[PDB]
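Trainee: Give me a model of this one.
(7 chains)
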Amino acid sequence: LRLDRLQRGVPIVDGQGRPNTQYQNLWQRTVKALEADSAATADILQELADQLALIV
Amino acid sequence: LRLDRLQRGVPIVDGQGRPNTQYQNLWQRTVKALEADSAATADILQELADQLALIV
Amino acid sequence: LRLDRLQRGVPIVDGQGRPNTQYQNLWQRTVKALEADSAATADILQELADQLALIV
Amino acid sequence: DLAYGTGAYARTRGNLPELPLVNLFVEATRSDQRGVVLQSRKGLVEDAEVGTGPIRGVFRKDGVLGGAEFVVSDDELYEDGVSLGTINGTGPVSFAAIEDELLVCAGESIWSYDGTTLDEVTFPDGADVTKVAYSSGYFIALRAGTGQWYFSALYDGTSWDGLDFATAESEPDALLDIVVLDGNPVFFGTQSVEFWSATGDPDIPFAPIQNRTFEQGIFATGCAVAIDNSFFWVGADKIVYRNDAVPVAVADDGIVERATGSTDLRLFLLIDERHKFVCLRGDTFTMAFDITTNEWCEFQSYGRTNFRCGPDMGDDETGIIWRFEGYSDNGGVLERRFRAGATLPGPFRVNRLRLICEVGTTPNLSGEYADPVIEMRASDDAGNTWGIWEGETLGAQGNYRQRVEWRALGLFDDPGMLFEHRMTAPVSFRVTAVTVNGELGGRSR
Amino acid sequence: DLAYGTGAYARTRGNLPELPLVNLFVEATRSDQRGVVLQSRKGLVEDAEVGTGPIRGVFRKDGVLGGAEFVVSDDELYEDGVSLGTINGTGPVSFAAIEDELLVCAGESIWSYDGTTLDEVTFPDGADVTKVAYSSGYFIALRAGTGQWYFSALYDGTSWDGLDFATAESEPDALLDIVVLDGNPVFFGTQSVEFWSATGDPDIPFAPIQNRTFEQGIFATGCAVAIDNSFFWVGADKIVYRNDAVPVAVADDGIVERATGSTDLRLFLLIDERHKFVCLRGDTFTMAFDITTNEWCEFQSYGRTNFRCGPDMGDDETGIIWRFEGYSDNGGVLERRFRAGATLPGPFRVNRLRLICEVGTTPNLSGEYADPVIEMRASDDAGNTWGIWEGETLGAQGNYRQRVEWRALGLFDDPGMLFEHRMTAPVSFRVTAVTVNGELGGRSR
Amino acid sequence: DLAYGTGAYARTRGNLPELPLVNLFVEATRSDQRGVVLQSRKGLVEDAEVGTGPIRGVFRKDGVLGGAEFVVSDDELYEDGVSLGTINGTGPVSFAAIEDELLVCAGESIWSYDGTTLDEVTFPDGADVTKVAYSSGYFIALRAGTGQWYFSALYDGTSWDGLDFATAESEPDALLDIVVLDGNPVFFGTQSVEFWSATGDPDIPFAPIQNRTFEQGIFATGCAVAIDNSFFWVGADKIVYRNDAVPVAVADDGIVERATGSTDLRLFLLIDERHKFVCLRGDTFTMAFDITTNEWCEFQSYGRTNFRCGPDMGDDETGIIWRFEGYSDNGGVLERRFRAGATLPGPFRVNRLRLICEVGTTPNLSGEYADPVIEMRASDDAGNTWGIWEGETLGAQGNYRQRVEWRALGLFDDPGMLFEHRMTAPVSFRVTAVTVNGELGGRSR
Amino acid sequence: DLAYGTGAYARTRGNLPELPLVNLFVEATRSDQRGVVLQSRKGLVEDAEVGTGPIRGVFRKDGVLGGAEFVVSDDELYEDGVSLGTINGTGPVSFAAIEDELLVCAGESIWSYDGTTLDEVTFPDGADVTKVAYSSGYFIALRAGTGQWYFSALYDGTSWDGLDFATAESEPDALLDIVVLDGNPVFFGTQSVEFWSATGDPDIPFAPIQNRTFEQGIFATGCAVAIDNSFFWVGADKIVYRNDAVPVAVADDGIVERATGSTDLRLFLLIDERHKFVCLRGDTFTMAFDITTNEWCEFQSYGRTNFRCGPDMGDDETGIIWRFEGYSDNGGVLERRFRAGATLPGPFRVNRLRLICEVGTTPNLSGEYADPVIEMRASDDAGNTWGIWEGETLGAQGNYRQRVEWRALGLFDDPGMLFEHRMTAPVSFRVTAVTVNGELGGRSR
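Mentor: Numbers count the residues shown, from 1 in each chain, chains lettered A, B, ... in the order given. Please see the structure below:
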């Protein structure tokens, strides 16, 4: 769940420049968190527009 | 627009360790999304304080 | 600290595939921003639920 | 200095010369200047007699249920030699255990043992389960004939929900195997290999790793093993593949020839002191790929069409579990065969053929094996036709200066010379080098 | 010129020639064209006598509790030679220290000392703790028999909460060891190796690093050592592995074969001026792996079945703490043995054997060791049978121009020649080169 | 062509031959075919005589306080030779300056100078400060005896808050040193090396770099420098390490052996035209490691047990500041000693020993140094016992065709030959090559 | 075959042999097997005579202000030979222009020109401006004596706001230079180098790139140039560095030795058709480092202590603008000097010295230079003392078969031979190879 940091002695890249499984999955997790948080922000905006009118 | 994910057989690094155009631009997009999302959160905070004031 | 881009002529990977200090700390900043802004979004959700309960 | 075959290379296409390696494997050494030697495999000795039929699977985990022995003799489950119940049949047996729960699958249904009783597990829709594994606190089961796999609750194997399933989108056919690599499940189907990782989200526990799949499927169930931070599998084209950014084919042309001639393939793992053998077993052969040396050897049992030791060190037709000790194969004969030789551009005279091997290390002093006999047999037409076996003595116990040398082999011509050496004594054996026309010296040996 | 065994290679499988290196290790040098030499390990002298029984662990940090030493002789704790109390437990002893508090674990209980009194630490459920470590301001305790590990309060080790625990999800069996690498905990279980990192969150202080586990679990408690931003641990298959991108087996076939014959293995650290020896100790052997030269060697103590110095320079029989000084083992005899040989394709006459070594460095002008004796014996059957010992002298003090020559030996044949050199004098010894049939010139040496 | 010692290799363990390099360093050259030449270090000439005591530190920044000479003599602070006050502390002196403030730490208290008055800086709890540095607008001070460091306000070193503090979690003992690498602070403790970065936050100015630490420590305060965007530090095991993804021991076995014999080690910096010397100074030695050539050399002062020049070009006994000028050492002599040798398999005759070096470059025409004398001394027993010095003339001024030759040196047997060359004249020196049994002469010279 | 000095290597420390290259540079070629040749730099020809005092800077951009050039003569700005005004400041001249405005900085104040009149730019606090530049739509000006840099408005350099400033936090001393590398500013201070990047945020337009700073500062203003996505700058230790992953010292010992003898150093740029020379100019020398060949050379002007052409093709004792054309310096004499030498183990007889070079390419049929003269002198003491120049002819126009030979050179002893070749004709020149003791026999050349 928690986004991990890059280890000092662990290689994130293979010999030919391709990313290994660990770094690929870490990037996948980071991008998924990006999309989920952006969707949450959009929902916040929409319901704020709903409630900006609700209280008034 | 959508944040891409790293490919298994596509190298993101060159021979000398520098990042290629694809990975550089993808990181640019990711960081730009970070800054835009943070700005949206700050605007949410400001507008929410304004909302508290107006409902009170 | 503003999130930095990837430089064309600067290597982010060492000879053996490990990430250097600059890229490691840049990833650390990016992930820290992720966690901080996710916590901010969670706080927004909580205080917004409180706003709905108490104000309306 | 003749060069012997470092790996089993038996390619029948084009009538290429064959270099079999029977019960011998290449091992790196530091004492000899050549670096590598041929070491004999250890014989099979019975460790425990469980059941009355072939062993399908053996489970022994110290931290699970007190470290009891779980053996599937035919269609029965035995705990430390005590019968527990009847298990379903045809399919291969897979185990998945935690500190207090053990799930056994035989290709038809799931059976749960918690240390008290063996109970059949009710599966959604009553479907058949092919493979059962454990990963990140969940139990994973493959439904037979479908491309969807189910996951159970947290640390509970008897609680399966019909809605707790995930489908491999990129593989429209049915899945066949699971391998737990790096703590994450990898799914082998008939058309693709899928990498899945645990996301920690309670509702959806596993998510696929996008842009990471292999277009080669798996041949059947039970053809995938995990070892050395990687996994080996048998593709739909009957070629053994290693896990990598781009999977490589560790099986040469001869290995694929042998695999194609058989209808059933099973991939398992055997352990020697430092050697990890990925063993591929067919109907009439059993080859082993060495992890440390990246060479293929052949294991055979005398008097039988195939190697006795099956998966998980179990017998193939009897209730005997084996172990490696004393090169006395079930109290019988352990055959070690190999081939050396070379190609020649013209005539070549062979006057002496010396074999730098083990001498004087037999533990027998009153038996027919006090002095073992090793037979060499020569051929000139690339091994197609052979001469009469000629036997030499490895020396009695203590004779550490024995010379294993043939004399006056004769003229050999353009196709080349090929010598086959075979020893069938239950004693230790090792071949260092084969020399042709060696120097004629010595001192009262 | 003869090539000696640069590393201890004693493989009894296959009856391969053995090249044992006893109390000698390879070190790179700049003064010799060859570039490497064999140097003797320093002798053991008594730094301090504490307790009566064997030393189970020594702790010494200058900044912790005023720099006083802590020794677990048998089942008691001693500080500055004064007994603090009785420690219960029979396993390896682990220390975890902070500015003002020290925690000692012996296998079943945790004991705390703060400079005033020694008190038993109250643990949740009264469970047994295998070992205790410290990381990022927290104290980590591994519960015996389970895969869950508890963490104490922030800078407080005497307050353990029942809910303050984390479970190794990918491992369904108990954990056995912990190593603090890069300031983060690494958990060695019986089935996998897990990497965990500090989070900075008081609620969840540690989180597991996903997609990095090694299936070669630790053999037993105390078989993991952290050196040079990496770690060496004994796998479940009795194979020593070094931490890398993919773990590599630093133990050759002979080391693994020796380890498999031993039931208990302990991995600890030996320190020489620039040499870090990963010492694996079994029932009857103690083999040290040098990472600077990446080579194996054997440490032996005269008259005993195993090396006297155990973990943390503690005697395994008495209450003596050892330190490296001089070249006398407990004021007695230090043995240095090695082998040099070659494989010959034919007859070879050996007229001279020169041992370019160190000479004339004896600190004794009179007595038994005024002229130290180095003995050599020869073998033709790959070391299986040996001749008599022929001894020469290294010269008295000041005889730097001494020739260590064993001339006039007979003919050697196909198996090869192997000469064993042994020195049993409590003086310094260094081997530079071994040559055969050298030039006969000289100048009044 | 003999091979001379390109680096100082004086290892007394095993009585190995020693190749001392005194006041000479290897430098790459384009003129000759070998590309390596031994060059003399420049002599020391007085630049400023300030203070009646040993010099502890010298500071010079043009943009700070008008570029004034800030030096520290025994219990004394001097600005451009004018005393400012008495500084208390017995440890190494550390400076930290910005445009209008200068902080000096002697190991006990902090002293602030703003160009008007020298004051004492109040510290939280009245504790002692070991080291003071500047980084990213903040002043960092390490508390003595604790693993805590305090950061000052923005550009104000006289204001320190008790809450402005951070702790090195990975190391439970006390910190010892701090360097500034790439604008970020790196902390060296007794058990770990921690990397910290300024994360732009006024409340939390510095945060540690997770998953990046070295298990090695630092021997003592003042044992860390930085040259090539990287830092060299003396580890807790008395081994010099270079910063890298994995730290590398740039100190060979002899260097570590000499370091272990000293109770006090100090790492400082020396600058030659292109050469960056990391100088490790003990109680009786001073070894300089050249960054450009990766080689170790020895610096000595005639008539003294150690090199006169300490850190920051400061004399270790008198308040004299030195500067590399000419070759005369303080108006005295400069000793340049080296060794060239070879290992022989048998007898060898040395008819001529020629030294291709610098000749005819003396600036003296009438003094005793108008023709310098260089002495060669030969040894056959690997340098243990030496002969009598034989003198040769480097030639008068203008004699650029002078040959440095020694004839009829006798026969050298098995152990090898070793020739030591010593030149103690205050004129420029340079060694290009050493040849044995060269070709006969040519034209008149 | 003799190996001539491919690069200018004149090291006076240690009296090493010197191989100076004057007005010649190494270029790779495909015509000959050796691959490289020596080519002579083109002469200086009239381009424009502007002003009277030294040309401190030339600016030319076709898209800026209609493409008119802007030249700074002694205290005077000129456009198309028309003076525009007296400019204040004795520092190096820097230009920063966009399509409608030009800003000139002389070290004291900024001057703005827009095609109508030249005016003084109002700077905050009236502070002195070290240098100005343009980047990403902003104008950057470095405040003199401090570490402050101000940025102007969008595409307007006449409006500078006091609050529109930024600081180099990691650099507590003053900044000295700026280089626009890859659209972004790089700041060179006396002790550190900072990397900054442009941001889209208009409130803060530039942000510092963290964890990338070089501690090698800059010697003075005007010591940094940009070539091929990298920059070359003179460090604080008078060492020329090239930007890489880690800065690389492209100057060997000789370059730094020459630089340390000069008080003022200026780094500028010269351009040939493919050769980009980074030129370091001192008090009495001018040396160009070639980008393509990574090698150094010397540029000299006859009758002057330094190269006549300075930065931006400007002179120092005149106001003439120079361009590369022909091979005559100011219509006078162009000197080409080089050295070819070898080291010998003994006596060597030189009978013929052949110079495979350019022959018969003179543009003059009559006059003094109809037959150009090239002189050679020999030295046996490594260049310390030379013989009398011996002159040959390169051949008249059309004599493409002319042979450049010197006969009966004599005998050269141990120290080696060194031949210096000098030609002082305004004709083209190129050296292909130098040969010793060539083969006799031609054909009526």
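
Trainee: mind checking the SS state of the nearest residue to residue A:40 once chain neighbours are set aside?
Mentor: The shortest distance from residue A:40 to any non-neighbouring residue, by C-beta to C-beta, 6 or more residues apart in numbering or on different chains, is to residue C:41 (5.5 Å). In this view, the C-beta of every residue, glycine as well, is placed from N, C-alpha and C. Taking DSSP: H, G, I helix; E, B strand; the rest coil as the rule, one finds residue C:41 in the helix state.

Trainee: I figured residue C:41 was touching residue A:44, is that so?
Mentor: Yes: here residue C:41 lies in contact with residue A:44, judged by C-beta atoms under 8 Å, at a distance of 7.4 Å.

Trainee: which helices and strands does the helix or strand hosting residue D:197 pack with?
Mentor: Using DSSP states H and E, residue D:197 maps to strand D:193-198. Contacts defined by 3 or more C-beta pairs under 8 Å, 6 or more residues apart in numbering or on different chains; DSSP states H and E place strand D:193-198 against strand D:184-189, strand D:206-214, strand E:206-214.

Trainee: okay, these, which one's buried deepest?
Mentor: Most buried of these, by mean neighbour count (mean count of other C-beta atoms under 10 Å in any protein chain shown): strand D:184-189, with a mean of 24.

Trainee: okay, now residue 37: neighbour count?
Mentor: Defaulting to chain A. Residue A:37 has 19 neighbours, counted by other C-beta atoms under 10 Å in any protein chain shown.

Trainee: that's the wrong chain, I meant chain D
Mentor: Other residues close to residue D:37 by other C-beta under 10 Å number 22.

Trainee: The residue in chain D that chain C sits nearest to - how many residues pack around it?
Mentor: Chain D approaches chain C most closely through residue D:245 (12.0 Å), counting by C-beta to the nearest C-beta. Neighbour count for residue D:245, taken as other C-beta under 10 Å: 16.

Trainee: show me the contacts for it.
Mentor: Residue D:245 sits next to A:14, A:16, A:18, A:20, B:8-9 when contact means C-beta atoms under 8 Å, 6 or more residues apart in numbering or on different chains.

Trainee: hang on, residue D:20 packs against residue D:8?
Mentor: Yes: here residue D:20 reaches residue D:8: they are 5.6 Å apart, a contact under C-beta under 8 Å.

Trainee: Comparing those two, which shows the higher neighbour count?
Mentor: Higher neighbour count among residue D:20 and residue D:8: residue D:8, with 26 against 19, using other C-beta under 10 Å.

Trainee: just to confirm, which helix or strand has whatever residue of the stretch 201-350 of chain D ends up closest to chain G in it?
Mentor: Ranked by C-beta to the nearest C-beta, the top residue of the stretch 201-350 of chain D for proximity to chain G is residue D:245, at 25.1 Å. For residue D:245, there is no host helix or strand (DSSP H and E).

Trainee: Can you check the distance spanned by stretch D:229-237, start to finish?
Mentor: Distance between the two ends of stretch D:229-237: 24 Å, counting by C-alpha to C-alpha, to the nearest Å.

Trainee: about what we covered before: can you put the helices and strands packed on strand D:193-198 in CSV and add distance to residue E:382?
Mentor: Formatted as CSV, those follow (distance: least, C-beta to C-beta, whole Å):
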stretch, distance to residue E:382
strand D:184-189, 47
strand D:206-214, 48
strand E:206-214, 38
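
Trainee: Which of those strands sits closest to chain F?
Mentor: Between the helices and strands packed on strand D:193-198, strand E:206-214 lies closest to chain F; by C-beta to the nearest C-beta that is 8.6 Å.

Trainee: So the helix or strand just after the closest one, near chain F or not?
Mentor: Where DSSP H and E defines the elements, the next helix or strand beyond strand E:206-214 is strand E:224-227. Yes: using C-beta under 8 Å from any C-beta of the partner chain, strand E:224-227 comes into contact with chain F via E:226-227.
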